[PDB]
Every structure is written in structure tokens, then in C-alpha cells.
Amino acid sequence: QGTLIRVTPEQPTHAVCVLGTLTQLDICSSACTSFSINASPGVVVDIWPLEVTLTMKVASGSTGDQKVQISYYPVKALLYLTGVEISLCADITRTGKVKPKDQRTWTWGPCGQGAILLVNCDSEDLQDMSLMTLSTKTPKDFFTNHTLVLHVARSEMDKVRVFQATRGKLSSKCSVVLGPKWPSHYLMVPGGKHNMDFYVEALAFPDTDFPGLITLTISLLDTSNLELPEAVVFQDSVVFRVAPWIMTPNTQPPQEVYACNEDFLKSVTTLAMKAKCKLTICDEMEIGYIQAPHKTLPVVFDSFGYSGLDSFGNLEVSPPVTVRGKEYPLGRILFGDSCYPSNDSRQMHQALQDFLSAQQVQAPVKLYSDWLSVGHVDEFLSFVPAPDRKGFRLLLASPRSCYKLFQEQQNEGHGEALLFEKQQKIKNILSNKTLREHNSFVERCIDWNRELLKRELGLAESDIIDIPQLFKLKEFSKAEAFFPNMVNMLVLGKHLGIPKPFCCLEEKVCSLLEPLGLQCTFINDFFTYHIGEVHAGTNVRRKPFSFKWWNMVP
């Protein structure tokens, strides 16, 4: 914020003083007993026997507008000063309004500052990009021996792109000033009062190689001498943070439902109309969003912009929750992995894991799901809205809850009932000593993740509801749903779309969810076998959190 001016009695020196910067006066370097200083009314002097600082009232109308005299004894030293205004303004307040300490630090929190960029993936496009403005109030003859340059570091040049508005708020594809080939650009700025606009976009999300910060700097160069290299008289910069990709949980109000089978769509359209949300007809993707003060856009990841564990079916997120003081307003991303690494065990690709962490707003949690033949966490866990407590309920698949249901059917006298209507008897399933040992192991696997979710999400038992579900053993001792899993249901607010288990099973599940004020409608064919993968029924785009991610302190 400081500049040092060294004056000398032999020759009057010229200097530029940018409004908003502390200007220091050097005296003893070229001086003698005492000194006295008299200046112009437009120059403020505050400090005499032999530190002096200068403050400008306003901008200059001509070169050498103001002056300062240094009397030492008595020989006088002259100083012709030029006060100019240079300010690179952006949305540092995050209130959607552009405003001109510290300016070189991006800070999390409500009492913090720092602008936000959106990832890109005509005025129509300009409504997405961020806006920074440059204000210059200089003498009319100032830029004959001075020049400004906007620049970004070579490491961040490919992560960002800056445009210059040619006519008003419009621009062409040739008006680029900063990009993955142009680390810097010389600005053509006229004398007098002039404000030019810049439109900035991000080219990449935060990652393990890119923390998510982009600094754009303006520099004032002195070009009064042809023989000597350019001299930096002043530098100002604004720090941009690239907005993270944020996942939305089932507790967030739905907006649009997608589906892809005959009697299936009828029950879906019924539920969508009851919850009053859009449904369009035309599983390996996740529909999140990016949020900026000016605009908020839906983003879909898969491969409205855009092993067996690398899928996004293994990607889930919890409702807002507070864990041991630490608050997670956007919830926590949940995904599956093995307990310990081995040659036969699999894990999510490290690139995908690190990407989730880069978006610090939803601190990921490694769960145990390697036991499942598919391996996705949504096979044994889910979330539903609740009127009381923390406002939600964690749904876990439970072989014990289902075995208790069957064992009482024998007690009631309904042990002759058959399912899958190859069909099998309920008495045979209960008497099946082999199946009981399998579900006992499956129960154990879920019980581990149960305590994991109770710990990392800070949950009590009064926040968990066990959904009766049976599991069998596929090849390589892997687990698999015995019947269509209820837990992987479709949540549309207070209107559920639980898969039909093929009823006594349906009767119990409702008794667990209906007291929460939930409407249970079962679907004949939620899941369909594609020949050799099982595909999910639908997909939902839900309303982004009211909580602004930048106000969070990871």
C-alpha cells in the first residue's frame, strides 16, 4: 500500500500518486540541521528537526497538478506530483453488487470478503459470467507515458478467461484479453474519467491440482523512457474463488423429475402431481448445482451445464447437520469404499475422491460398501424429511427388521404365504439356516456403517429408522438384494415412492414412515434388469440450499 518518493535539492522530481495508497516522503537520503515543508491545498502532509507521509485530496486535471516544497537548513527541494484514481472493483461483498481490506485474500464466512466465479459448461451468456470494473480518473495527457496491464499468473491462466465489453454490455469472441495463452494484456485506456467493464469466467472446477482461487491483477507501468524497461508504479488485484459443485439431498424440495415399462409411469405421474412438481419423459449421473450471488445453475456430472464404485450411484449426501460443534449447512457427501485395502477389494478412483474434497463445502465421508455386489451406498441407506428432531430420518436396510416380521407371521399362522407371485414359502425362508447366516453377516456390515453415520453425522438412535430388507449372497460371497430394496426409494417431499417388495412387508414400512407425515405409494416395477445391470427408475432435480456456500467455514 506504500510507495517511497526520494526528493533532491539539485533537481525537482516528478511522481505519480494513486488515490488510496499511502505515499511516503524520503528526505534524509539527499540532505543540514532542521527541515520545514509547505505543500499545496490538494496535498495533505503529516509528520521539524533532522517520517513524512502524503495524502491526496482528489485526482489531477493535468500533469504536475500538485506540488510539494522541502526546505532544509536554506536550500529548497521541489516535487511535482500527479494524483490519479485507479480502482479495480468487483463483487467482493458477495451481495451481487460491485464495490471498490484485505483485497488480496479470499475469506470464508459472513464477515468475510472475496468474489465468486462460475464454471462455464451475447447478453444471454453474460448473465452467467462475473463482472469486475476498472475506474480511472487521470489527467488528459496521462497515458502518453503510462500504460496499464491486466494479467493472471501462468498457473491460473488456463483456469480463467476474461472478456472486454466492446459496445455497452455486449461482446464478441475476439474481445478476449486473458486466457490459456494470454497471461497478460495491455489495456487501451484514455485520459480523464473512464470506466471499462470486464466479464470473467472459470474454465475448471476446484480439484487436487487447483484449490479454486484465481487472482486477477492490474499494473501501472511508467513508460517515460524508451531506453529503460517498463517500471511498475502501482499494482492492484482482486481474488476470485471458483464456486464448487454442490450435491442436494432428498430433504431438499424437488423441482423436476426425469424417468425412463407401462404401469410404472402411471404411479410416477400420480406421485409427481401429488407433490406438485414437473415431470419430463425422454441413473448413472448426479444432478448438483453451482451457486453465485447473481445466478445459480444446475450442473449434471456423468460420463443446465455438464470399477463398479466409480459410478455416481455410490454418491449420496446427507441433510444439514451439526457434528460436535462443527456445522455442515450443506450436509456431507457420502460414498462407499472398503474397510481395508487388499488385492481383491475395490475403491473409488482417487481422482474422484479428491475432487469431492476440493469442493470443501460438503466434507465427504468414506463408508463401507465393498460387501455389496454392486457396491453403491444407496443400496442400504437413504434420507427422508421429518417434522421433528433434526428435521430428517436416516433409513437403513435391516435384515433383522424383516426377519422379525416373518417370524411373527409363523406366530400368527401365516407361515404358508409365498412370495415372487420360482416362488418360495416364508416358512422355508425362516427355516433356511443358510440364509439366516448370510443376513446375519449383512446385518453386521450395515451395523458398522450405522455407527459410522452416528459418528461422522453426529446422529442418535432416535434419528435412524430400520427398513425391513433381506439380502442374499451373489458370487464371490458378495451381497445382493433378496427382493427389491425399499430403502432405495423415491423421495418427493412428503410423498414417497417405495419399491414394491412383493402385503405384510408394505404394511410395516408404512407404520414406520406415515407417523413422519409421509405418503407411501408403492411401484410395481421400480427396478428393471438390463441384459447384466440393474438400472434405477427415476432421477430428481431439487432446489439448491438457501444457505450460501461461501458463508460456510470449512
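All residue numbers are counted from 1 along the displayed sequence.
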Check the residues of the deposited sequence separating residue 31 from residue 32 and report how many of them have no coordinates, as none, 1 to 3, 4 to 9, or 10 or more. 1 to 3
Here the number of deposited-sequence residues unresolved in the coordinates between residue 73 and residue 74 is 4 to 9
Which of the two stretches, 206 to 214 or 222 to 230, shows the higher mean Cα temperature factor in the record? 222 to 230
Which wins on mean Cα temperature factor, 359 to 367 or 309 to 317? 309 to 317
Take the CA temperature factors straight from the PDB entry and tell me which of 159, 185, 167, 390 peaks. 167
Sorting 130, 432, 322, 469 by Cα temperature factor from the record, which one lands on top? 432
What third of the chain, by the recorded C-alpha B-factor, contains residue 410? highest
Here the Cα B-factor of residue 536, set against its chain, lands in the third termed highest
Please place residue 462 in the lowest, middle or highest third of its chain according to the CA B-factor in the PDB entry. middle
Of the three thirds of its chain by CA temperature factor, lowest, middle or highest, which one includes residue 96? middle
For residue 530, return the chain-relative third of its C-alpha B-factor as stated in the PDB record: lowest, middle or highest. highest
